[PDB]
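Asks:
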Amino acid sequence: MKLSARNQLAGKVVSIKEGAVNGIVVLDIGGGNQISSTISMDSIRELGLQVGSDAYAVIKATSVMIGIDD
Amino acid sequence: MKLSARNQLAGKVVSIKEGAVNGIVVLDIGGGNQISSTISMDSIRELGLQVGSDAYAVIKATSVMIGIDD
Amino acid sequence: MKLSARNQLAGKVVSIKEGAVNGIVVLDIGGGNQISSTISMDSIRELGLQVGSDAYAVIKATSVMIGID
Amino acid sequence: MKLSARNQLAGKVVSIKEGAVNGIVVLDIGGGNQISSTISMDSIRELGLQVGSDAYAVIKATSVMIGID
Amino acid sequence: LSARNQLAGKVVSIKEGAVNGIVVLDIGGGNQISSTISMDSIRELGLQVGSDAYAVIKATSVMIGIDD
Amino acid sequence: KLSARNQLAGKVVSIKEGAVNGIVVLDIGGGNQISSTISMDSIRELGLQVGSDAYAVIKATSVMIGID
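If you read the protein sequences in the order shown, they are chains D, C, A, E, B and F.
Using PDB author numbering, the first residue of the first sequence is number 1, and each one after it goes up by one.
Using PDB author numbering, the first residue of the second sequence is number 1, and each one after it goes up by one.
Using PDB author numbering, the first residue of the third sequence is number 1, and each one after it goes up by one.
Using PDB author numbering, the first residue of the fourth sequence is number 1, and each one after it goes up by one.
Using PDB author numbering, the first residue of the fifth sequence is number 3, and each one after it goes up by one.
Using PDB author numbering, the first residue of the sixth sequence is number 2, and each one after it goes up by one.
1. Cβ atoms of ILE66/B and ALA10/F: under 8 Å apart, would you say?
2. Would you say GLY23/E reaches chain C, if we count a Cβ-Cβ gap shorter than 8 Å as a contact?
3. Taking the alpha-carbon of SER15/A as reference, which of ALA55/A, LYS2/A, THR62/A, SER4/A has the nearest alpha-carbon?
4. Closer than 7 Å to a non-hydrogen atom of the ligand MG - does that hold for the CB of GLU18/D?
5. With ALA61/D and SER40/F assumed to form a contact (beta carbons below 8 Å), what rounded beta-carbon distance in angstroms separates them?
6. For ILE29/B and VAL13/C, I'd like the C-alpha separation in whole angstroms.
7. Rounded to a whole number of angstroms, what is the C-alpha to C-alpha distance between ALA20/B and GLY52/B?
8. Give every residue of the same chain whose Cβ lies closer than 7 Å to the Cβ of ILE44/C, excluding the five residues on either side of it in the sequence, and list them in chain order.
9. From the DSSP output, in three-state form, read off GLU46/A for me.
10. May I ask which residues mark the beginning and end of the beta strand (DSSP E) holding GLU18/D?
11. Can you name, in chain order, every residue of its own chain whose Cβ lies under 8 Å from the Cβ of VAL64/C, other than the five neighbours on each side?
12. Where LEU27/D and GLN50/E are concerned, what is the direct C-alpha to C-alpha distance, given to the nearest angstrom?
13. Would you check if the distance between the CB atom of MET1/D and the CB atom of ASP70/C is smaller than 8 Å?
14. Please tell me whether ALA5/F has its Cβ less than 8 Å away from any Cβ of chain C.
15. I'd like to know whether the C-beta atoms of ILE59/E and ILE59/A end up nearer to each other than 8 Å.
16. State the CB to CB distance for the pair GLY31/E and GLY31/A, rounded to an integer number of angstroms; the pair is presumed to be in contact (CB under 8 Å).
17. Is DSSP giving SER63/A helix, strand or coil here?
Laid out in structure tokens, this is it:
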């Protein structure tokens, strides 16, 4: 785990939406911003993610778009 | 215009690395957090992205991974 | 917002496959073309998508591939 | 060449922007709809993509978003 | 297709879900790849366990990591 | 511990340089190769040279499956 992703943003898990195969984690990344992650449940279990846990959203730059207010 | 991205990370553009086809924008997203977004140069112009401009990081929830410490 | 995507293809919503966590929306963009988008169900509700709703599919250019016969 | 992508949209290429590493191709998919695909320049040659050629936009469903308003 | 990464392997497991599924390919050499895809897509391709298929992954979506 | 189901181990075979992005190709063993387009500055932090030990990292939702 040294990854090419510059976007490795730290926060605490606030919610986990549990499903059959995929679920949704909710991290408080700090500053009143929150990130949501659709990931496989195999991994949500494997990594030991429960509510209040410490993890990072790890996002590759080419998957981030940009928007403005016009 | 209201989209499926719950991940709308609002921040101020800090840098733009310009390339032939795509470039790399940087928002200072707050909380000491910084995001990198590789996108087309054409898009960077049409939105009017310069340093210190207000924009949002738009990240699809299925593009977010989770990592933890070791 | 606007969004940096050149690929903002407008069409009419024809179907919603409802799931436990995600769903599948399908828009008719015209010319015999349809696009499907798997998104979280909570967002399907947040965007207010009903059958027959008018919308745009939003695809990042670096997310589109090209293939040939 | 059968593939998991639901979106395999046929069209004619109208422009190609060449770059050092990647390029951007643009397809006329019909109906006043056009999709652009940022891909590697290496792959653009291997398929033989020049202007007006027949190809498909291939978009994985989990890569498509939806918009309104 | 424009993806240089078209890695052939044999389907080892398929986890089925309401809308999505996960296929797992053993592409050879102690390597295994998993693909989260729609059930519409898993059924249409006729993917049974052990059938011969390819994992096809876009270059700009692959990251690189090392260990210290 | 990153959530990627695809963490493919291999040695760097080539690094194609660009102004903003570059493209690495790994031999993950068994005649398989992966290509990863990433920022040149990110190749900086990771220090990738040819013949280096690294992993190709792919999230499950970006993998498609194809067949004959």
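For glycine and all other residues, C-beta sits at the position ideal for the given N, C-alpha and C.
Replies: Well, looking at it:
1. no
2. Yes - at least one Cβ of chain C is within 8 Å of the one on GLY23/E.
3. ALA55/A
4. In terms of ligand content, the structure shown is empty, and the ligand MG therefore cannot be addressed.
5. Sure, about 6 Å apart at Cβ, within 8 Å.
6. Going by the C-alpha atoms only, they are around 42 Å apart.
7. If I take the Cα positions, the gap works out to 22 Å.
8. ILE16, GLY23, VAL25
9. helix
10. Careful: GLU18/D lies outside any beta strand (DSSP E) and carries neither H nor E.
11. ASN7
12. 46 Å
13. yes
14. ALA5/F belongs to the set of residues whose beta carbon lies under 8 Å from a beta carbon in chain C.
15. yes
16. 3 Å
17. Looking at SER63/A - three-state DSSP - the assignment turns out to be helix.
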